[PDB]
Amino acid sequence: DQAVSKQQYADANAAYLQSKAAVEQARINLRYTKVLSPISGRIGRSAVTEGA
Amino acid sequence: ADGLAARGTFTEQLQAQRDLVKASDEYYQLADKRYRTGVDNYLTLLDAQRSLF
C-alpha cells in the first residue's frame, strides 16, 4: 500500500534476519549441550560420570 | 487614492506570494523525488501536497 517506505522495511527485514541469526546462535549453543557423536563407530569408556 | 495605494503596493505582495507558491512547488518536487527514490513514505508527500494546496 506504500504506507511505509522501502527503507523502513529494508532495515526491519535486516533486523529480522539478525534476530534469526541470533536464535540460530542460541540453537547451536544449545545443540553443543547433549554432546552428539562426531562419527559413527565403537565407543570407549565413560571417563566422566554423572555429576562431574 | 486608496486604489492608487493598492496598485502601488500589491505587486510587491503578488510577487512574494508567487515566489512562495514556486518555493512550495519545488519543495513538493523534492519530496516526490524522496518518495519515488524510496526514502520517505507516502504521508510526507501528502503533507507536501497539503502545503502546496
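All Cβ positions, even for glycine, are placed from backbone atoms using ideal geometry, and neighbour counts span all protein chains on display. Where a number appears in this text, it was derived from the coordinates with a stated rule and is not lab data.
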Report yes if B:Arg18 is away from chain A (no Cβ under 14 Å), loosely packed, with under 10 Cβ neighbours inside 10 Å and of a type outside the set (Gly, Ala, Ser), otherwise no.
-> no
Note: among A:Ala3, A:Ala12, just one is without any contact (Cβ under 8 Å) to a residue 24 or more places away in the chain, surrounded by fewer than 10 Cβ atoms within 10 Å (Cβ to Cβ), at negative phi and within 14 Å of another protein chain (Cβ to nearest Cβ), namely A:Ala3
When (1) under 30 Å from A:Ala3 (Cα atoms); (2) in a helix (DSSP H, G or I) are applied to B:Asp19, the one that fails is (1)
